[PDB]
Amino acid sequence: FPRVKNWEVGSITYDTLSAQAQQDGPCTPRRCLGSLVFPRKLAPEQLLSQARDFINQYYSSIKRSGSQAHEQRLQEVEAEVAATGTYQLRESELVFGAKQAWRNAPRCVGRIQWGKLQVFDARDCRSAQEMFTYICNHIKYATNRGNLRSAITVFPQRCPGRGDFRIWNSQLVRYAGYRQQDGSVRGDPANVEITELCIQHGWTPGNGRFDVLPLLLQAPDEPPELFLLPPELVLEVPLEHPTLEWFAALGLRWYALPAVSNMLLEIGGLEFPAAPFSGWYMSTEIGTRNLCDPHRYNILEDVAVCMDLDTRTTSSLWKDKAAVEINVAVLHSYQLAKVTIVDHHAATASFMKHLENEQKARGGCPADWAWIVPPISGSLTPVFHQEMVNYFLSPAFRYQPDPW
């Protein structure tokens, strides 16, 4: 049982939940690989063992372990797999597992919200036109005129026998990335590849550096087809600064809804390759990572020139000063547009509260320090001084290969 200390307060706890960790991560006694983004690389007897485990903690979470339907639900799954090789989740189990996956996500700092999650069951979907309509309900429900609500849509599980629902975009809302004669990009460089596949599947390329891409939706077997997102469904925030009047003229925008559409949800040994989930942004994601990373929009220098900062020397801290104001403008712009956003101080403080809750509830919490600490002002947030244990629990969101 690892001893975990908070250096700001001096308090000590023990992570007993780590003992119950299963799918081993990347580290060994000889070397630590915690800083790697994708760890390592990406007879149905093993299906019954994960299904029974998952069914077990479901009845634990409603008191009703011991006698009653708990005994009985164990049989249906045993029979369902003996007869078919797989099994179907009861609607509430699918809800419980979807929330557990989010609760167990070590890299997510917003897990204080894990109990409030809207789970659309799209398991009877059997068409790429049908998915699109599901995806559009979600986006409309999640966005909710800017009062964001966390939501996930669960498309049908993978079944042995040829067939996989899949979204090809990494997110539901992505900005285009246009190569050109320099090789340099106009738009989002992280989306150069998918902008390529969008064009080579028919898409009409666009204007400039903030063009919402079309979706590439893939019903089982039959190849992907292009779908266009209606402009009124993609809510976007133009970026302005409360006191730097020229900032709006930079023409910067970002969208309202962060909706990850390329991870695999795994519940009780079942695999859902299309299960797009969505929440609301923390502002450093937009201001710091999306707009200021050198391999993203890389705007830092341009904002510094406008601020008349001494870009001739690193010791002026001109990068730090410009980055803060970008984050100021992001927070101001989403607020002025009445769009849910959370600053990194508010988020980390709520995560500490989530840590304390989980200590009482489950005796610990998996957390990946490197992703929990924000990308600016790290030691100014309370999570920086909190030691954390990282390990994999199920149900979980997992990374999955790409459909090409």
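Rigid core here is just the name for the largest C-alpha set that superposes within 1.5 Å across the two forms. Numbers for residues come from their place in the sequence shown, where the first is 1.
A.B. asks: Comparing C-alpha positions in 8 other deposited structures of this protein against this form, with the rigid core used for the fit, which stretch differs more, 44-52 or 340-348?
C.D. replies: After superposing on the rigid core, the more displaced stretch in 8 other deposited structures of this protein is 44-52.
A.B. asks: Stretch 201-209 versus stretch 97-105: after rigid core alignment, which one is farther off in C-alpha RMS in 8 other deposited structures of this protein?
C.D. replies: After the core superposition, the stretch with higher RMS deviation in 8 other deposited structures of this protein is 201-209.
A.B. asks: Would you class the number of unmodelled deposited residues between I62 and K63 as none, 1 to 3, 4 to 9, or 10 or more?
C.D. replies: Gap between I62 and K63: none.
A.B. asks: As stated in the PDB record, which stretch has the larger average Cα B-factor, 218-226 or 108-116?
C.D. replies: Mean B over CA atoms: larger for 218-226.
A.B. asks: Comparing 124-132 with 91-99, where is the mean C-alpha B-factor higher?
C.D. replies: Looking at the record's C-alpha B-factors, the answer is 124-132.
A.B. asks: Of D164, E236, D302, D310, which one's C-alpha B factor is largest in the deposited record?
C.D. replies: Going by the entry's C-alpha B-factors, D164 comes out highest.
A.B. asks: From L42, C365, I376, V339, which pick has the Cα B-factor that tops the rest in the entry?
C.D. replies: Answer for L42, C365, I376, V339: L42, with the highest C-alpha B-factor.
A.B. asks: How does the C-alpha B factor of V81 compare with the rest of the chain: lowest, middle or highest third?
C.D. replies: It falls in the top third of the chain.
A.B. asks: Could you say whether, by C-alpha temperature factor, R73 belongs to the lowest, middle or highest third of its chain?
C.D. replies: Answer is highest: the recorded C-alpha B-factor places it there.
A.B. asks: Within this chain's modelled residues, let me know which third the CA B factor of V9 belongs to: lowest, middle or highest.
C.D. replies: Its C-alpha B-factor belongs to the middle third of this chain's values.
A.B. asks: If you rank the chain by CA B-factor, which third does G279 end up in: lowest, middle or highest?
C.D. replies: It falls in the bottom third of the chain.
A.B. asks: Grab the CA temperature factor for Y297 from the record and place it in the lowest, middle or highest third of its chain.
C.D. replies: For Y297, the deposited C-alpha B-factor lands in the lowest third.
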